[PDB]
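Structure first, commentary second.
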Amino acid sequence: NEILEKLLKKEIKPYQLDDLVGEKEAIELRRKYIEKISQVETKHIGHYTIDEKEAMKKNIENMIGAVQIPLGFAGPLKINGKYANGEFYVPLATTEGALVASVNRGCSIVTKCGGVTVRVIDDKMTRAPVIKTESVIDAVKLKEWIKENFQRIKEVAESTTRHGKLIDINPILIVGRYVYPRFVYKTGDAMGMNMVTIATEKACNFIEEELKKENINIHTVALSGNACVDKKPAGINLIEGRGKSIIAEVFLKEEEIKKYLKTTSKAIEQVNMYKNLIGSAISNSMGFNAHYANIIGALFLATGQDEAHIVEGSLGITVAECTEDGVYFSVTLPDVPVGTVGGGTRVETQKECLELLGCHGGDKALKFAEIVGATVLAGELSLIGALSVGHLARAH
Amino acid sequence: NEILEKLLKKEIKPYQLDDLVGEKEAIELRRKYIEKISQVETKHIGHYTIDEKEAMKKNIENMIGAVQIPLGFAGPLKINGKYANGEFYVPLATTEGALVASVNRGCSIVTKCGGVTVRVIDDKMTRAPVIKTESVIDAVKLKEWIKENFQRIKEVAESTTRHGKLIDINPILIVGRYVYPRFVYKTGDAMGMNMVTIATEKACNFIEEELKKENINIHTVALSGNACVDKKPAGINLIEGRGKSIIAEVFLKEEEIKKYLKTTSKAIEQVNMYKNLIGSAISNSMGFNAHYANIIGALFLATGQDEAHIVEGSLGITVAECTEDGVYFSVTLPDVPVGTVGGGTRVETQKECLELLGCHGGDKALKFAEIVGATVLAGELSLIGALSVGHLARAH
Amino acid sequence: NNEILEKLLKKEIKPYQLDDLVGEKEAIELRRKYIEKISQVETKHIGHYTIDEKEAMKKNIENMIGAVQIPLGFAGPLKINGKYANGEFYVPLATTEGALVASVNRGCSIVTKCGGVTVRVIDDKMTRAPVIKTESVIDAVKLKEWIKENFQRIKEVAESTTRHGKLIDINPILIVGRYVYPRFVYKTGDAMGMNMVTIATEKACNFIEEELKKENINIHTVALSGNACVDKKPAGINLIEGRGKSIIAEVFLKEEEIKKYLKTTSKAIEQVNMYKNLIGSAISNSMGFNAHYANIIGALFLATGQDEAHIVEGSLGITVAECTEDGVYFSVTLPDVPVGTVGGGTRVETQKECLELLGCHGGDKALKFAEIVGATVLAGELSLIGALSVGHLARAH
Amino acid sequence: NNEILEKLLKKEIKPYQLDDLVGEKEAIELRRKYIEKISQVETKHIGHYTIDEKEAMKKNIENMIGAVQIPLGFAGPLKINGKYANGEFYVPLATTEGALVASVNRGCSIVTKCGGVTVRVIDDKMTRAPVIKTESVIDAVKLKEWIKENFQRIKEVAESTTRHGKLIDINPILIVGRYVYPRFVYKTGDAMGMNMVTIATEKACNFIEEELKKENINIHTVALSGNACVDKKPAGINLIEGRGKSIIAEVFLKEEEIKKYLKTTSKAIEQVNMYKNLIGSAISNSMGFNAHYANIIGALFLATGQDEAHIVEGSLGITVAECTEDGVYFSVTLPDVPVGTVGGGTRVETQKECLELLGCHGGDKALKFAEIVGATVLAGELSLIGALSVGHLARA
Ligand code: NA
Ligand code: NA
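Right, dumping it as structure tokens:
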């Protein structure tokens, strides 16, 4: 009580409440502090089963409760991957109606036709700092020095982490006298948000010192130089890739398309071409798809991924082609940063969804990436197929 | 329990459970149906306080429980808007650590400096179908017909809704013989995803028929022609805008920069130029910012926005400029689809977060959009300011 | 005579002052020998030129030393089924690249034996977008609304500077923080309108600046070209909203014609176009979803005296090839093609002659020329994609 | 001569067969009179040329009728402080646009009185990226892996076609579904290498095609140019990975020099560049973050006989102008400039001479030429931004 009055007078801030009073009681006190400023009473945000101690330590600050996202599931989904095999039930958490229904319909169609073939094309997490040099001459010198002394930098970077490994620094961009070297790391099963930052920091300080020994003065302005590129849509991430680069594909027979999707192959090809290809092209889109972000989002929320990386998951191309036997349908997601350890996967409810996939813990990130790609193709196929049905009806 | 065995034998599917057994028990039954398949037992996802009846009807399918996202808050945040004025406490729901701390720090700095000036530059929700014509000759005629008969189409579109209002159809793109007309709507307080789809659907059927009376045969292939653009990063949304286009700004004095941000004005300008501008340019990014998606994401989850729309919230340019008095710091988000009614704002926990802002219900979407814009400025300032501190340290 | 040559070497007088002292014709011979001595090499060809050196120095070039010769060829016949261009044409093309004229010439013959190309000009406008600085976002929004409501007044001021130009819109009006970027849209008649819209837009900004000062809102234009034109740069605003002449050309070929003339199949043309022009350009994050636009635009632009730097804009566009029931549908879409038939480089003698061989020199011929440009591009694009589809078939078997 | 001209009008013989029947020079006089008759207009100027018509018909043109004359001027003096080009130069420029040569000439004189331009070649490579069709993504991954391991083998096959070309890498190797786009990276010596890399890549693709046939992996090249090269189109891959010559030029001006020669202040230059070249290009979603590159590239490309269409690629780049303590830092970065000093259009008499006026015709001179291009661009770009800042100051 005496505590609540000091916050209203702004004597103490809500952030030091965890040190004064217990963390669990600090949350009940911060919930009532806003209830009185806004003058409204809350009922639902109070209830949570998640551990408030580890949450305040690794996932949230100034906690007042928890928000509840409705959780559904789509399945069965037969996946023909290299790390994920068998029928799966994908948990999806969204507030949008018809979305889980869309994916669930696509899952059933795909499973009765042999399943999705999905492969992880690449796996890397990047961090591109911005380093200021005195002149372009020093920038050229810095680029050359980094290329020859890679092995030394690798040792310095890898000393910060037991799981991360530096595999390349390419490309190394130069704008005038500013250099953007793209550190490429293997992060194991983690997404590696903070891992690559710690490794890159020591590598930058090491690079900073060794050049000082040769009368070349440089200094790092920021470890995230917006060439990473993190939580933004960028061409470098469409071409060179980032996180897990995934491709999923299916071959459907004309009989299966008419039986389950109630349409024809050339109708799917036409919808995909006018919408996903030409439509995205003339509107200058980087997402030559229809549904990636929607499916990424629901699956990202359930498993505790970084919400902001849905930005990156929306890039990719959907290719649908008329074959002699039926259609070839594929989705290409060159930018999908995921992890099965750390971050939001430790949160209780999100931890459970990964376990329902068999994907919580080590040696399971690639398995998760193959599920992500397979779930996207199911939803994308369901939608393009539904649009092609309308394309056929209106065609007559 | 006799029911549980029929699901395993795939006699009945988990979607048919709601009509046979009560919806509340249908959730407990399929929750155990996935526990048996994956062979793991769940404790947390089972707990929810949200109404499962309205959720299955308007937000989710095949519900098995709920996911809990940690909910925090950042404040106080003084807003000098046209619809929002005074100090606010912004609820943020995220699984990322240090994020709520970042926004809260920027909120305090911003508040000790008179607050944020934010204005809504535009408010519109768009839908651009793909229409196939016989030839480019018919495509031009379709373009001309739509322009002259605009008022007629407007009435047809507005017949589906009392809140919606068609205000323009611009631009109208043509690629060969395919037409992409961008329907522009005023959605009031809603985001209007389905509102504009029903409205545009009736308008297209009307255009389709009226042109048939001239023996010009056209037909809509799909209502979302990937020129909308919805849930994808596109230039058309960066230029012509989509949803609410918001701009926020603050004028900080050199004394304030040194007192609260612990840096200098030229270091803020330099960081923003090398990172947010040049860095994003050479990597061919559409997000010339640092943090938009992260802040958008936390605020979108708490208030029941579409998670997938975080993609669109990541577009924008951050402008930081060294003035004689100090610095000018502004954020420009031309693409922010928000609403205060419908969709995910109906969910209990998210409904409460809006009420803690005074933003749930009618005549409050513009108020919410100004809060969105200001919170981004707060978080963006905190980050660039922290990076400029390190930019100063390493330079000496 | 030769003593001036020594004064140039001592840098007593500069090369731009030579035209007033000695005749322009002799002023060119002087500075040509001045560079010959500095570089220590003798020239024999660039000194030859039949173009008028007087009007060239006045309207097209500075510090003239001679002329560069681009080989000029032609492709035809090209049957065009347009609204302003009709009949068989012989298109003059100027390039230094081999096999280019041959490719277009082959496509011209194929296209003509199949009924010709249907081409329409989708739009015709020249744009200018200044950057205006305001004190705050509050002032910028007020500036945006003021421009929208007082359009007719702005229109009158702008149109007073010219007899042919006409301000038709100011859209969109972009705002970033406190800076405003309004896109002035003009109809330019037969000219490309580079300077025309600048003279008009310059006076319109002076008017807006004064009129807002009367309502206690202080603004000022930083530059008339705010890089939202977008001029001689590849930009999305030019792909969507268009700029210059927006042209679309198309042909309908029967499956038999494809086998007789293109020596391929319809599905193979569709496939090459999909893998190359669409998917290929997308994954590489290209704005040109085509194969040949720039090459053909370039050759045709040089022959007719257009702005070479606008080849940048002519490279944007999408090529659509679709397998139909009877054969294939092939179209090209060029949303950004700034061309003109009067002013600029169309005044130069040799380029003036290339326009007359098309019947396109002078007024009321820009739309005809824009329809010829579109037809020539489709001809070249089809030839190439068709040639590639033959190899796609061969290697597939 | 009368019976031949009549046979062309009757379409008895075609104009392309005239070179074999009658002499190359007279076939040109005949083709000129054939079109003069069809269009019914008489020509006087194009008939006048001095270039050798025999070698032109063999390597540069088809169906020649004469020549077009572009006015040729020069700008100077231009002091260049490069690695292969040093001292004052006089750059020949060929254009039909007024005021252009004056702009560059003004910038050349200003720059020379301030110590000259520092220009460096960041990279030199010519690329060709075919599109190759595979049966499935599984085979596409195998193709990618095979290409990487068997690089040395592919290198030998490609290098067997030329004594100057040397394949240095095949990176990146993009995969979209089941289509592979491997970017062959070549060193072209002094040539631009359009046909050099095409012949080399053709032999390498047939080699890859067969070597996989030995493993029962069936692939085939759809086209050698898969539109990921990227050739004569604006593409992000060329902005990031670069193509042709990647050039950066820069100058350091003192505040006194800016007021004496450019008639402005350093902060006016910085502001113009930020509002125009950076923010302006960003909101319009442009890839050219500059003001003048294309205009100067074009005039210099025409004079020296480069491929006209590559002006497209020369329009990419970022201009950086920054207020320093002594004055201003001004730089231009052109990541995509395909040029050559041997072959192609450099053999044409008039263009061959302009290169000789630079000392850049022949071997071991392409890098010298690329440094001239970069310095000339900076000269023109500075001239313009400096002139605009004069108006920016006046109106303020
Ligand atoms: Na504690
Ligand atoms: Na099957």
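Residue numbers (the authors' numbering), protein chains in the order written: chain D, 6 to 401; chain C, 6 to 401; chain A, 5 to 401; chain B, 5 to 400.
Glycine included, each C-beta is placed from N, C-alpha and C at the ideal position.
Tell whether a beta-carbon distance below 7 Å holds between residue i and residue j.
i               : j               : result
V135 of chain A : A227 of chain A : yes
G378 of chain B : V105 of chain B : no
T380 of chain D : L304 of chain D : yes
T328 of chain D : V336 of chain D : no
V125 of chain B : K249 of chain B : yes
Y183 of chain B : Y279 of chain A : yes
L362 of chain A : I376 of chain A : yes
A383 of chain B : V201 of chain B : no
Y190 of chain C : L216 of chain C : no
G367 of chain B : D194 of chain B : yes
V141 of chain D : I252 of chain B : yes
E40 of chain B  : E33 of chain B  : no
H296 of chain A : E385 of chain A : yes
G347 of chain B : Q355 of chain B : no
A204 of chain D : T166 of chain D : yes
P238 of chain C : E245 of chain A : no
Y88 of chain C  : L371 of chain C : yes
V352 of chain A : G284 of chain A : no
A144 of chain D : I179 of chain D : yes
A286 of chain A : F155 of chain D : no
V95 of chain C  : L82 of chain C  : yes
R35 of chain C  : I69 of chain C  : yes
If the cut is a Cβ gap below 7 Å, which residues of chain C does residue i touch?
i               : result
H224 of chain D : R399, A400
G51 of chain A  : Going along chain C, no residue has its Cβ under 7 Å from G51 of chain A, so there is no contact; the nearest lies around 43 Å.
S319 of chain D : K236, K237, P238, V316
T47 of chain D  : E357
Name the chain B residues whose beta carbon is nearer than 8 Å to that of residue i?
i                      : result
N64 of chain A         : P75, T99, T100, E101, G102
residue 402 of chain A : The requested residue 402 of chain A does not occur in the structure, where chain A is confined to residues 5 to 401.
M196 of chain A        : Residues of chain B passing the Cβ test: none, with the nearest at roughly 11 Å.
Any heavy atom of ligand 1 closer than 6 Å to the beta-carbon of residue i?
i              : result
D23 of chain D : yes
I want to verify the contact list: residues of chain D whose CB lies under 8 Å from the CB of residue i, in sequence order.
i               : result
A286 of chain A : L282, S285, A286, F293, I322
For residue i, return the contacting residues in chain C, with the cut-off set at a CB-CB distance below 8 Å.
i                    : result
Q355 of chain D      : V72, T100
residue 4 of chain B : No answer is possible for residue 4 of chain B: the residues shown for chain B start at 5 and end at 400.
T54 of chain D       : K48, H49, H52, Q73
Using a Cβ-based criterion (distance less than 6 Å to any ligand heavy atom), does residue i qualify as near ligand 2?
i               : result
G119 of chain D : yes
By the criterion of Cβ-Cβ separation under 9 Å, what are the contact partners of residue i in chain C?
i               : result
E261 of chain A : Result: empty, since nearest Cβ-Cβ is about 18 Å, beyond 9 Å.
When you check each C-beta in the segment 152-178 of chain B against every C-beta of chain D, which residues fall closer than 9 Å?
Listed by position, the residues of the segment 152-178 of chain B near chain D (Cβ gap below 9 Å) are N175, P176, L178.
Taking a cut of 8 Å between CB atoms, which residues from the segment 219-245 of chain A lie near chain D?
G240, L243, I244
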